[PDB]
Amino acid sequence: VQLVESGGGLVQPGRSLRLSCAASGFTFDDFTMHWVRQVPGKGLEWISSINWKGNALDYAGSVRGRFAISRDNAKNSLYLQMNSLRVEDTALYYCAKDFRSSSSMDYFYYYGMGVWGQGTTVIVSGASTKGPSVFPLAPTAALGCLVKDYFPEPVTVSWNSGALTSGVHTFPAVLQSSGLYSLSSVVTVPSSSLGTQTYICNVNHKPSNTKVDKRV
Amino acid sequence: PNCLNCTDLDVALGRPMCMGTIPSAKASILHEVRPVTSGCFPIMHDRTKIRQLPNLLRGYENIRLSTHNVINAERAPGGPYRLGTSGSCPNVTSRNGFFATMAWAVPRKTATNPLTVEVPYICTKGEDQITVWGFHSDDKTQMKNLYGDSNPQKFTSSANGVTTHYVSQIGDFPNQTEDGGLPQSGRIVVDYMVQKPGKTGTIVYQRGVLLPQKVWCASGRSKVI
Amino acid sequence: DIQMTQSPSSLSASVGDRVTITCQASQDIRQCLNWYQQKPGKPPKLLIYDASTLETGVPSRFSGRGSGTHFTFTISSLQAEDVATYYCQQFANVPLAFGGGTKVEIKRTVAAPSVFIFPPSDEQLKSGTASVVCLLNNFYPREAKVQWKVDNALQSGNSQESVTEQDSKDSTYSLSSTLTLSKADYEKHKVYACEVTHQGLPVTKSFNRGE
Ligand SMILES: *[C@@H]1O[C@H](CO)[C@@H](O[C@@H]2O[C@H](CO)[C@@H](O[C@@H]3O[C@H](CO)[C@@H](O)[C@H](O)[C@@H]3O)[C@H](O)[C@H]2NC(C)=O)[C@H](O)[C@H]1NC(C)=O
Ligand SMILES: *[C@@H]1O[C@H](CO[C@@H]2O[C@H](CO)[C@@H](O[C@@H]3O[C@H](CO)[C@@H](O)[C@H](O)[C@@H]3O)[C@H](O)[C@H]2NC(C)=O)[C@@H](O)[C@H](O)[C@H]1NC(C)=O
């Protein structure tokens, strides 16, 4: 069972955007589908829920009249068309499967949400996208990369292109006084592996299309 | 039958929580000239003769509901169908339920031709079989969400030589009377056809049909006062 | 609307302790509650549904109990990988409400943080800004005081911190302090030192400009 959220990014307040949830691994047209957002730092907030058909739609009050939920049982995709966006729509939007194949058709088709996706980041802001600057951290030993001056969140840092995950510490971003973000990523490596071992960090910022991933 | 809250027509419809052991009696009193359901999904009862179903049932000394479904509703003509439930019909294990006598053949969406179904006499050698059926109809925009047709749907059943017709209603639904009290968008019409021993029943239908599952097997005669 | 008053707000307990979380409802839901665990920065996994039944694969030390308006979630023996933010959620009414959440962290021994220092790189001083980094790695408790010292002088307001969550294994934290200066200010002083204050370690890791 997989749930993949896509389409989240930087948008103006009041404009439109649409997320897509591509499902696979189970009979999508039998279950009711959910939407839950989580603004960074706070907890889970339910957005909307569509049943196995498109006949029944439920909306939380904060989004009623602005958002629209839909689904395609052929291409097993859940949709959420958000309109008249507000800055407090900035959150991490989760796509959720309801465990029960309840053909309620009236009410109560929502239950324990068994399966969740990894979410997509939505930040409603009228600010400038800024592409990150990647600086190394000069060195059992310890090394890392420094990513400075970027907007908005998030950013992805990989080490040895995903092979090296042991002893990795990627710190939460710090919103600097200028309005840009700055985090750091370090990994502890033995002192034997300075020769014969090159350590490389994968820094990618999708809003600025600025990946070019560089070596330490 | 020691069961609670549940009216006589309510048991006659197979409403959840009103499945129960039906005793036999050789004398019966008639106390409801207008049988009333306090439970299951809202019904436009006067559209058909459905009100006289339980009073017809008591006329038989021995009455019992079929243990197995008369048909399996998922593979009926017209594409695979889901089996319907509802919140107005609380199943003690699930906030949703429905009649045990019928099924909601709701398509997985295109206009369809009239579909024909024969109904067997699965009941025993001599007991008269009452077959209960019906159709749902909602307003225009939900008929589109539910079915592939916002036009009125055609229905007709035939058994024992009695050939009836029906046509569903869209919009302007009467308020919700004699139900579970939860605000719905659509309405339900219920009718029954009786099948003599050995004979079959026929039902021609379109989108919105309620296919039967549990049919009555009634025998004997009970005096009525 | 039904408000989920989840409690506690945040707790801490040693490994093996009994952890208990209560969730009240303002109105009767009667079974339609279920508990989620937050793997940090990762999805929610369902542990308890219908307030007492146990999900496929989740261990036996997790238990839920309650009905009506009072519900109880209990971890019989707290483990280190249980560090998470747990959420209750009622699905008895058409609007869905999630509890405020409870942060779970491990009470362990005192761990001394490994201290390293990183000067501003050749690439960064090309721009005209200097960012000096001091790493506090794998320590407990969370509280730690680090003060920057430039040519034997305390700075204030020139740096920012970022702490990782408690790691699923070894139940420690890791801290990053980022001293930021203009290149005009970085080449006016020479010795940069990082003085930390913890229980396990006064310790200073310093570097000289370009050595
Ligand atoms: C409350 O609703 C449930 C769900 O409709 C009713 O339970 C039904 O129980 C029957 C008893 O034989 C189950 O039978 C078989 O289960 C398999 C596997 O799910 C299914 O594929 C077969 O078609 C057959 O029905 C059945 O699981 C279950 N119904 C469904 C649709 O799964 C129950 O009778 C209702 N009333 C109560 C519990 O009072
Ligand atoms: C059953 O019918 C419902 C319509 O009935 C009324 O609908 C109006 C909604 O505007 C409400 O009536 C109010 O009544 C006051 C006097 O009692 C008026 O002064 C006031 O202005 C307002 O009109 C009320 O909610 C409701 N009352 C009653 C007794 O029904 C309709 O809304 C439902 O959907 C329908 N339900 C079904 C299942 O068909």
# chains A, B, ... in the order shown; residues from 1 in each chain; ligands from 1

call {"tool": "residues_near_ligand", "arguments": {"ligand": "ligand 1", "cutoff": "12 Å", "atoms": "only C-alpha atoms and all ligand atoms", "output": "number ranges by chain"}}
result
A: 100-104; B: 14-20, 67-69, 71-75, 82-87, 89-101, 103-104, 213

call {"tool": "residues_around", "arguments": {"residues": "residue 89 of chain A", "least_positions_apart": "3", "cutoff": "9 Å", "atoms": "only C-alpha atoms", "output": "PyMOL selection string"}}
result
chain A and resi 37+39+63+85-86+122-124

call {"tool": "residues_around", "arguments": {"residues": "residue 49 of chain A", "least_positions_apart": "6", "cutoff": "8 Å", "atoms": "only C-alpha atoms", "output": "PyMOL selection string"}}
result
chain A and resi 32-35+57-59+69+110

call {"tool": "residues_near_ligand", "arguments": {"ligand": "ligand 2", "cutoff": "8 Å", "atoms": "only C-alpha atoms and all ligand atoms", "output": "ChimeraX atom specification"}}
result
/B:42,173-176,181-186

call {"tool": "write_last_selection", "arguments": {"atoms": "C-alpha atoms", "output": "PDB file, in the first residue's frame"}}
result
ATOM      1  CA  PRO B  42     -37.170   7.014   4.622  1.00  0.00           C
ATOM      2  CA  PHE B 173     -38.997  15.080  -2.208  1.00  0.00           C
ATOM      3  CA  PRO B 174     -41.562  14.945   0.614  1.00  0.00           C
ATOM      4  CA  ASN B 175     -40.201  15.226   4.116  1.00  0.00           C
ATOM      5  CA  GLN B 176     -38.721  12.313   5.852  1.00  0.00           C
ATOM      6  CA  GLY B 181     -34.444  10.594  11.517  1.00  0.00           C
ATOM      7  CA  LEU B 182     -31.294  11.455   9.683  1.00  0.00           C
ATOM      8  CA  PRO B 183     -31.475  14.096   6.929  1.00  0.00           C
ATOM      9  CA  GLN B 184     -31.079  12.404   3.552  1.00  0.00           C
ATOM     10  CA  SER B 185     -31.163  13.639  -0.029  1.00  0.00           C
ATOM     11  CA  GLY B 186     -33.084  10.788  -1.679  1.00  0.00           C
TER      12      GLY B 186
END

call {"tool": "residues_around", "arguments": {"residues": "residue 164 of chain A", "least_positions_apart": "2", "cutoff": "12 Å", "atoms": "only C-alpha atoms", "output": "ChimeraX atom specification"}}
result
/A:157-162,166-169,186-189,198-202

call {"tool": "write_last_selection", "arguments": {"atoms": "N, CA, C and O atoms", "output": "mmCIF file, in the first residue's frame"}}
result
data_model
loop_
_atom_site.group_PDB
_atom_site.id
_atom_site.type_symbol
_atom_site.label_atom_id
_atom_site.label_comp_id
_atom_site.auth_asym_id
_atom_site.auth_seq_id
_atom_site.Cartn_x
_atom_site.Cartn_y
_atom_site.Cartn_z
ATOM 1 N N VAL A 157 18.680 16.805 2.062
ATOM 2 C CA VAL A 157 20.116 16.556 2.121
ATOM 3 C C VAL A 157 20.334 15.052 2.200
ATOM 4 O O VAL A 157 19.854 14.396 3.133
ATOM 5 N N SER A 158 21.056 14.512 1.224
ATOM 6 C CA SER A 158 21.450 13.113 1.208
ATOM 7 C C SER A 158 22.967 13.020 1.276
ATOM 8 O O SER A 158 23.682 13.956 0.908
ATOM 9 N N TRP A 159 23.455 11.885 1.765
ATOM 10 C CA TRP A 159 24.885 11.653 1.921
ATOM 11 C C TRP A 159 25.278 10.397 1.159
ATOM 12 O O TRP A 159 24.670 9.337 1.346
ATOM 13 N N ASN A 160 26.298 10.525 0.308
ATOM 14 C CA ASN A 160 26.712 9.457 -0.603
ATOM 15 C C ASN A 160 25.541 8.994 -1.466
ATOM 16 O O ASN A 160 25.390 7.807 -1.764
ATOM 17 N N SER A 161 24.707 9.956 -1.871
ATOM 18 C CA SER A 161 23.563 9.708 -2.750
ATOM 19 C C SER A 161 22.612 8.667 -2.162
ATOM 20 O O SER A 161 22.038 7.848 -2.882
ATOM 21 N N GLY A 162 22.439 8.702 -0.841
ATOM 22 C CA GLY A 162 21.501 7.839 -0.155
ATOM 23 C C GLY A 162 22.090 6.574 0.432
ATOM 24 O O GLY A 162 21.383 5.866 1.160
ATOM 25 N N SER A 166 23.862 6.074 8.307
ATOM 26 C CA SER A 166 24.243 5.827 9.690
ATOM 27 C C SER A 166 25.001 7.022 10.255
ATOM 28 O O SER A 166 25.913 7.550 9.612
ATOM 29 N N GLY A 167 24.622 7.441 11.459
ATOM 30 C CA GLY A 167 25.284 8.559 12.105
ATOM 31 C C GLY A 167 25.034 9.901 11.456
ATOM 32 O O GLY A 167 25.869 10.802 11.573
ATOM 33 N N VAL A 168 23.897 10.063 10.782
ATOM 34 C CA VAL A 168 23.573 11.282 10.049
ATOM 35 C C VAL A 168 22.677 12.153 10.918
ATOM 36 O O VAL A 168 21.708 11.662 11.512
ATOM 37 N N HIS A 169 23.001 13.443 11.000
ATOM 38 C CA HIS A 169 22.213 14.412 11.757
ATOM 39 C C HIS A 169 21.946 15.623 10.874
ATOM 40 O O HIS A 169 22.858 16.413 10.605
ATOM 41 N N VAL A 186 25.291 16.987 9.271
ATOM 42 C CA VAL A 186 26.579 16.398 9.606
ATOM 43 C C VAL A 186 26.422 14.892 9.756
ATOM 44 O O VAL A 186 25.341 14.379 10.052
ATOM 45 N N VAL A 187 27.527 14.184 9.541
ATOM 46 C CA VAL A 187 27.586 12.735 9.704
ATOM 47 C C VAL A 187 28.946 12.360 10.281
ATOM 48 O O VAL A 187 29.985 12.823 9.799
ATOM 49 N N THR A 188 28.936 11.545 11.334
ATOM 50 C CA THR A 188 30.171 11.100 11.962
ATOM 51 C C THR A 188 30.754 9.928 11.186
ATOM 52 O O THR A 188 30.072 8.926 10.949
ATOM 53 N N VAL A 189 32.015 10.057 10.783
ATOM 54 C CA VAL A 189 32.690 9.017 10.015
ATOM 55 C C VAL A 189 34.020 8.700 10.688
ATOM 56 O O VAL A 189 34.614 9.578 11.330
ATOM 57 N N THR A 198 35.636 9.455 -0.454
ATOM 58 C CA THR A 198 35.147 10.803 -0.707
ATOM 59 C C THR A 198 33.715 10.911 -0.204
ATOM 60 O O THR A 198 32.865 10.086 -0.554
ATOM 61 N N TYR A 199 33.453 11.920 0.619
ATOM 62 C CA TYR A 199 32.144 12.112 1.225
ATOM 63 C C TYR A 199 31.421 13.244 0.512
ATOM 64 O O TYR A 199 31.965 14.344 0.368
ATOM 65 N N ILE A 200 30.201 12.967 0.065
ATOM 66 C CA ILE A 200 29.472 13.842 -0.840
ATOM 67 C C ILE A 200 28.068 14.042 -0.290
ATOM 68 O O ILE A 200 27.462 13.108 0.248
ATOM 69 N N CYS A 201 27.561 15.268 -0.388
ATOM 70 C CA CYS A 201 26.250 15.608 0.145
ATOM 71 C C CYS A 201 25.343 16.096 -0.976
ATOM 72 O O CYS A 201 25.759 16.898 -1.818
ATOM 73 N N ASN A 202 24.111 15.594 -0.986
ATOM 74 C CA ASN A 202 23.136 15.884 -2.035
ATOM 75 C C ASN A 202 22.185 16.952 -1.508
ATOM 76 O O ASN A 202 21.283 16.657 -0.723
#

call {"tool": "interface_residues", "arguments": {"of": "chain C", "to": "chain B", "cutoff": "12 Å", "atoms": "only C-alpha atoms", "output": "MDAnalysis selection string"}}
result
chainID C and resid 29:32 50 91:94

call {"tool": "residues_around", "arguments": {"residues": "residue 54 of chain A", "least_positions_apart": "5", "cutoff": "8 Å", "atoms": "only C-alpha atoms", "output": "NGL selection string"}}
result
(:A and (70-71)) or (:B and (145))

call {"tool": "write_last_selection", "arguments": {"atoms": "C-alpha atoms", "output": "PDB file, in the first residue's frame"}}
result
ATOM      1  CA  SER A  70     -12.677  14.781  -5.730  1.00  0.00           C
ATOM      2  CA  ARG A  71     -11.319  11.438  -6.869  1.00  0.00           C
TER       3      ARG A  71
ATOM      4  CA  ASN B 145     -22.935  11.167  -8.677  1.00  0.00           C
TER       5      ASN B 145
END

call {"tool": "select_by_dssp", "arguments": {"residues": "segment 70-175 of chain C", "states": "strand (DSSP E)", "output": "VMD selection string"}}
result
chain C and resid 70 to 75 85 to 90 97 to 98 102 to 107 114 to 118 129 to 139 145 to 150 159 to 163 173 to 175

call {"tool": "interface_residues", "arguments": {"of": "chain C", "to": "chain A", "cutoff": "6 Å", "atoms": "only C-alpha atoms", "output": "VMD selection string"}}
result
chain C and resid 43 46 49 91 118 162 164

call {"tool": "write_last_selection", "arguments": {"atoms": "N, CA, C and O atoms", "output": "compact mmCIF listing (two decimals), in the first residue's frame"}}
result
# COMPACT_ATOMS: atom_id res chain seq x y z
N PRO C 43 5.60 9.43 8.64
CA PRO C 43 4.13 9.42 8.60
C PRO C 43 3.54 9.06 9.95
O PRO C 43 4.28 8.75 10.90
N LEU C 46 -0.91 3.83 12.51
CA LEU C 46 -2.05 3.54 13.37
C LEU C 46 -1.75 2.37 14.30
O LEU C 46 -1.36 1.28 13.87
N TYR C 49 -7.25 1.33 17.12
CA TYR C 49 -8.48 1.78 16.48
C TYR C 49 -9.67 1.21 17.23
O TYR C 49 -9.59 0.14 17.84
N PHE C 91 -13.99 9.73 15.22
CA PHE C 91 -14.67 9.65 13.94
C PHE C 91 -16.13 9.26 14.14
O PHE C 91 -16.70 8.49 13.36
N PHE C 118 33.85 24.20 13.21
CA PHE C 118 34.02 24.34 11.77
C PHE C 118 34.12 25.82 11.43
O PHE C 118 33.18 26.59 11.71
N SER C 162 19.72 25.14 16.72
CA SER C 162 18.80 24.17 16.12
C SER C 162 19.08 22.82 16.75
O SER C 162 20.19 22.30 16.64
N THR C 164 18.07 18.77 17.21
CA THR C 164 17.36 17.61 16.70
C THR C 164 16.49 17.00 17.79
O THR C 164 16.67 17.25 18.99

call {"tool": "closest_residue", "arguments": {"among": "B:39, B:107, B:134, B:23", "to": "chain A", "atoms": "only C-alpha atoms"}}
result
B:107

call {"tool": "residues_around", "arguments": {"residues": "residue 223 of chain B", "least_positions_apart": "3", "cutoff": "10 Å", "atoms": "only C-alpha atoms", "output": "list in words"}}
result
residues 25, 26, 27, 28, 29, 30, 58, 59, 60 and 61 of chain B

call {"tool": "closest_residue", "arguments": {"among": "A:27, A:192, A:128, A:140", "to": "residue 207 of chain A", "atoms": "only C-alpha atoms"}}
result
A:128

call {"tool": "closest_residue", "arguments": {"among": "A:6, A:16, A:90, A:73", "to": "chain B", "atoms": "only C-alpha atoms"}}
result
A:73

call {"tool": "residues_around", "arguments": {"residues": "residue 144 of chain C", "least_positions_apart": "6", "cutoff": "8 Å", "atoms": "only C-alpha atoms", "output": "PyMOL selection string"}}
result
chain C and resi 196-198

call {"tool": "write_last_selection", "arguments": {"atoms": "N, CA, C and O atoms", "output": "PDB file, in the first residue's frame"}}
result
ATOM      1  N   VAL C 196      31.101  25.632  25.984  1.00  0.00           N
ATOM      2  CA  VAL C 196      29.854  24.921  26.224  1.00  0.00           C
ATOM      3  C   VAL C 196      29.697  24.681  27.720  1.00  0.00           C
ATOM      4  O   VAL C 196      30.672  24.633  28.477  1.00  0.00           O
ATOM      5  N   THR C 197      28.446  24.526  28.148  1.00  0.00           N
ATOM      6  CA  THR C 197      28.118  24.287  29.551  1.00  0.00           C
ATOM      7  C   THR C 197      27.118  23.141  29.633  1.00  0.00           C
ATOM      8  O   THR C 197      25.957  23.294  29.239  1.00  0.00           O
ATOM      9  N   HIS C 198      27.568  22.000  30.150  1.00  0.00           N
ATOM     10  CA  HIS C 198      26.731  20.821  30.320  1.00  0.00           C
ATOM     11  C   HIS C 198      27.113  20.150  31.633  1.00  0.00           C
ATOM     12  O   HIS C 198      28.003  20.612  32.354  1.00  0.00           O
TER      13      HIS C 198
END

call {"tool": "select_by_dssp", "arguments": {"residues": "segment 9-154 of chain C", "states": "helix (DSSP H, G or I)", "output": "ChimeraX atom specification"}}
result
/C:80-82,122-125

call {"tool": "write_last_selection", "arguments": {"atoms": "N, CA, C and O atoms", "output": "compact mmCIF listing (two decimals), in the first residue's frame"}}
result
# COMPACT_ATOMS: atom_id res chain seq x y z
N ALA C 80 12.81 2.90 23.77
CA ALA C 80 13.50 4.07 23.23
C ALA C 80 12.95 4.47 21.87
O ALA C 80 12.86 5.67 21.56
N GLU C 81 12.57 3.50 21.04
CA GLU C 81 12.02 3.82 19.72
C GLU C 81 10.59 4.34 19.79
O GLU C 81 10.01 4.63 18.74
N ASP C 82 10.02 4.46 20.99
CA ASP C 82 8.69 5.01 21.16
C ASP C 82 8.67 6.53 21.20
O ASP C 82 7.60 7.12 21.38
N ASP C 122 36.13 28.37 2.38
CA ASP C 122 36.67 29.22 1.32
C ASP C 122 35.56 29.71 0.40
O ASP C 122 35.59 30.85 -0.08
N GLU C 123 34.57 28.85 0.13
CA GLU C 123 33.45 29.23 -0.73
C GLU C 123 32.60 30.33 -0.09
O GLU C 123 32.08 31.20 -0.80
N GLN C 124 32.42 30.30 1.23
CA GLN C 124 31.50 31.25 1.85
C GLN C 124 32.11 32.64 2.00
O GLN C 124 31.44 33.65 1.76
N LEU C 125 33.39 32.72 2.38
CA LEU C 125 34.04 34.01 2.52
C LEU C 125 34.24 34.71 1.18
O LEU C 125 34.57 35.90 1.17

call {"tool": "atom_distance", "arguments": {"atom1": "atom CA of residue 90 of chain C", "atom2": "atom CA of residue 21 of chain C"}}
result
15.1 Å

call {"tool": "atom_distance", "arguments": {"atom1": "atom CA of residue 128 of chain C", "atom2": "atom CA of residue 205 of chain A"}}
result
22.8 Å

call {"tool": "closest_residue", "arguments": {"among": "A:78, A:105, A:19, A:147", "to": "chain B", "atoms": "only C-alpha atoms"}}
result
A:105

call {"tool": "atom_distance", "arguments": {"atom1": "atom CA of residue 126 of chain C", "atom2": "atom CA of residue 163 of chain C"}}
result
28.5 Å

call {"tool": "closest_residue", "arguments": {"among": "C:4, C:110, C:19, C:153", "to": "residue 195 of chain C", "atoms": "only C-alpha atoms"}}
result
C:153
